[PDB]
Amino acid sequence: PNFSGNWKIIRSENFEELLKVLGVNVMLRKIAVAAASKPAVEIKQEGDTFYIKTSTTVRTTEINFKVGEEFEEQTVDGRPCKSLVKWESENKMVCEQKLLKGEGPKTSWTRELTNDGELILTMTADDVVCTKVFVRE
């Protein structure tokens, strides 16, 4: 697969409910949901090595990882975690996360290139799943 690109959002579902499970309060959720509505997503892939930059007016994150090698990032609500990405299948990666400190919902994310050329991101906290779909700009 070729995840490389500058990706533009075309669908977002359940992001506020995700932040709810994670315990983000109402006014912060408003800030987050408004900013997350128009993110910029840059992905560079070389083999199983990835760079992913996700930018919004209120928070930007940059991660560098190799599939199968543990790395550190943050949960969507900003808590440090250890992450491990694996290929669930040829076109879908899945990331399991573990908090560095403390307790909280079990979090994960997935990114999949679909047969139509689009990119599906999911982010999960416990049972609640947020789905975002992108196409290259």
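Heads up: residue numbers just count along the shown sequence, starting at 1.
- 36 to 44 and 89 to 97 differ in mean CA B-factor, and the higher of the two is recorded for 36 to 44.
- The PDB entry records a higher mean C-alpha B factor for 21 to 29 than for its counterpart among 21 to 29 and 123 to 131.
- Compared with the other modelled residues of the chain, the Cα B-factor recorded for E118 ranks in the lowest third.
- When the modelled residues of the chain are ordered by C-alpha B-factor, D77 sits in the highest third.
- Sort the modelled residues of the chain by CA B factor and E62 lands in the middle third.
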